[PDB]
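All values below were derived from every heavy atom in this structure, side-chain atoms included, with hydrogens, water molecules and symmetry-related copies excluded. Residue numbers count from 1 along this sequence.
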Amino acid sequence: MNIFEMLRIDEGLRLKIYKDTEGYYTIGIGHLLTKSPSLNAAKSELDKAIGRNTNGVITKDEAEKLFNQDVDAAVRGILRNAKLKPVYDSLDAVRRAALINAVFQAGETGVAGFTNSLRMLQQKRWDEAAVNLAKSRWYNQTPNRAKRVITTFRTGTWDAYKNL
Ligand SMILES: [Cl-]
């Protein structure tokens, strides 16, 4: 298992525009196009990201290109966030993947309210971190996906994804 299969399981793959769990225009593998309620705004963002006139649909290859660009962006945002970097560096390979997954899910770096969780992670207080991560809108809105990531932080294994 690795970061790409991981998120690939968590995000799914759709080749035609769709609305995420939040009602946002997205496509491919978790690729948020826009937060605007405008389909037109979404197709434009889509054409621009793709480099061609899509008409709202892409090929598998195109989806995977976006995905690669996106995972790369995430890692790099982490490396560049002053609060994320140290956490990320203190972690093992498996837990690092969970951090990437979560940041990817946010579509942004060092999201609001997880200072305490980060601190517990950094100190390797796994069980406590798990519990704390769970007191979050995140967990309540997408409990299944959040449970998988949380289990990954607490254990340092891929157990939560081995069976999907
Ligand atoms: Cl879920």
Side-chain angles (χ1 to χ4, degrees), residues 1-16 18-33 49 58-164:
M1 172 89 48
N2 67 55
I3 194 51
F4 293 87
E5 312 189 343
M6 193 201 203
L7 276 162
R8 168 71 176 78
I9 281 170
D10 281 334
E11 294 293 349
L13 171 68
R14 330 226 359 217
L15 303 178
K16 237 254 90 212
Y18 69 87
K19 300 206 199 187
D20 69 7
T21 64
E22 293 293 342
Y24 295 150
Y25 286 119
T26 310
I27 193 173
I29 315 161
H31 185 90
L32 195 251
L33 291 162
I58 55 169
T59 73
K60 214 235 258 260
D61 265 13
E62 277 166 358
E64 276 165 5
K65 178 150 205 203
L66 293 171
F67 186 36
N68 278 325
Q69 285 164 185
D70 286 352
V71 170
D72 193 22
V75 169
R76 309 236 282 8
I78 286 166
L79 299 172
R80 287 182 343 226
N81 190 294
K83 2 195 19 58
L84 296 180
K85 209 190 183 283
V87 180
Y88 186 82
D89 283 347
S90 62
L91 298 175
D92 47 276
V94 178
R95 294 187 172 86
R96 268 167 207 199
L99 184 67
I100 299 168
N101 192 309
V103 161
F104 187 98
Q105 190 184 351
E108 93 190 45
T109 71
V111 184
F114 298 90
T115 294
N116 313 317
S117 304
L118 293 172
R119 183 173 102 266
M120 284 160 301
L121 283 170
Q122 189 145 33
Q123 53 199 19
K124 312 190 141 54
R125 298 164 68 211
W126 312 128
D127 281 20
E128 284 131 276
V131 159
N132 190 263
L133 284 173
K135 295 186 208 160
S136 58
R137 177 193 215 255
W138 172 55
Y139 179 73
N140 296 87
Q141 286 309 125
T142 55
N144 285 330
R145 168 177 192 164
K147 294 166 173 147
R148 293 192 292 273
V149 175
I150 290 173
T151 294
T152 309
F153 272 130
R154 189 181 71 80
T155 80
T157 78
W158 293 107
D159 304 343
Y161 289 82
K162 282 200 350 111
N163 270 339
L164 286 25

Dump the intermediate steps for side chain to side chain contact (heavy atoms under 4.5 Å, CB included) on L15 and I27, then the final yes or no.
CA-CA 6 Å; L15 303 178; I27 193 173; 5.7 Å; no
Return the minimal non-hydrogen interatomic distance between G12 and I29, and the atom names on each side.
O-CG2, 3.2 Å
So, taking the atom named CG in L84 and the one named CD in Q122, what distance separates them when rounded to the nearest 0.5 Å?
10.5 Å
Heavy atoms of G28 and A63 approach each other most closely as CA-CB, 3.8 Å
Looking at every non-hydrogen atom in both residues, tell me the closest pair between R119 and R125 and how far apart they are.
NH2-NH1, 4.3 Å
Going through the distances and angles, do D61 and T59 end up as a side-chain hydrogen bond (donor to acceptor under 3.5 Å, both in side chains)?
CA-CA 5 Å; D61 265 13; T59 73; 5.5 Å; no
Distance in Å, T26 OG1 paired with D20 CG, rounded so as to fall on 0.5 Å steps:
4.0 Å
Would you name the heavy atoms of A146 and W138 that are closest together and state the gap between them?
CB-CE2, 3.6 Å
Could you tell me whether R154 atom CZ has more than 12 heavy atoms of other residues or ligands within 6.0 Å of it?
no
Checking side-chain hydrogen bond (donor to acceptor under 3.5 Å, both in side chains) for the pair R145/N101: CA distance, chi angles, key distance, verdict?
CA-CA 10 Å; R145 168 177 192 164; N101 192 309; 2.8 Å; yes
Could you check whether any side-chain N or O of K124 sits under 3.5 Å from a backbone N or O of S90, counting only pairs where one atom can act as donor and the other as acceptor?
yes
Can you confirm if the NZ or CZ of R95 lies within 45° of the ring axis of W126 and under 6.0 Å from the centre of its six-membered ring?
yes
Please name the pair of heavy atoms, one in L32 and one in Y24, separated by the smallest distance, quoted to 0.1 Å.
CD2-CB, 3.5 Å
As an exercise, state the distance from CE of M1 to OG1 of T157, rounded to the nearest 0.5 Å.
10.0 Å
Passes salt bridge (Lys or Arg N to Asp or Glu O under 4.0 Å), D89 versus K85? Steps please.
CA-CA 6 Å; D89 283 347; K85 209 190 183 283; 3.2 Å; yes
Are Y139 and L133 close enough that some pair of their side-chain heavy atoms sits under 4.5 Å apart?
no
Quick one: CG on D70 to CD1 on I100, what's the gap to the nearest 0.5 Å?
13.0 Å
Can you spot which of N81, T109, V75 makes a side chain to side chain contact (heavy atoms under 4.5 Å, CB included) with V103?
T109
Check: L33 and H31 side chains under 4.5 Å, non-hydrogen atoms:
yes
May I have all residue pairs that pass ring pair (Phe, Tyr, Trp, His ring centres under 6.0 Å) and include part of residues 65-84, sequence neighbours excluded?
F4-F67
For the CG atom of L121 and the CG atom of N116, what is their distance to the nearest 0.5 Å?
11.0 Å
Can you check whether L13 reaches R8 side chain to side chain, under 4.5 Å on heavy atoms?
yes
Are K135 and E128 close enough, and set up right, to give a salt bridge (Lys or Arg N to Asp or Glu O under 4.0 Å), and what steps lead you there?
CA-CA 11 Å; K135 295 186 208 160; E128 284 131 276; over 6 Å; no
Hey, mind stepping through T142 and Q105 against side chain to side chain contact (heavy atoms under 4.5 Å, CB included) and telling me if it holds?
CA-CA 11 Å; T142 55; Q105 190 184 351; 3.5 Å; yes
Minimal heavy-atom distance between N140 and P143, with the atoms involved, is O-CD, 4.0 Å
Interatomic distance, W158 atom CH2 to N2 atom CG [nearest 0.5 angstrom]
6.5 Å
Within a radius of less than 6.0 Å around NZ of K147, do more than 12 heavy atoms belonging to other residues, nucleotides or ligands occur?
yes
With a sphere of 6.0 Å drawn around NZ of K19, does it hold more than 12 non-hydrogen atoms of other residues, nucleotides or ligands?
no
Pair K162 + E5: basic N to acidic O under 4.0 Å
no
Below 4.5 Å, heavy atoms only, C-beta onward: do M6 and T152 meet side chain to side chain?
yes
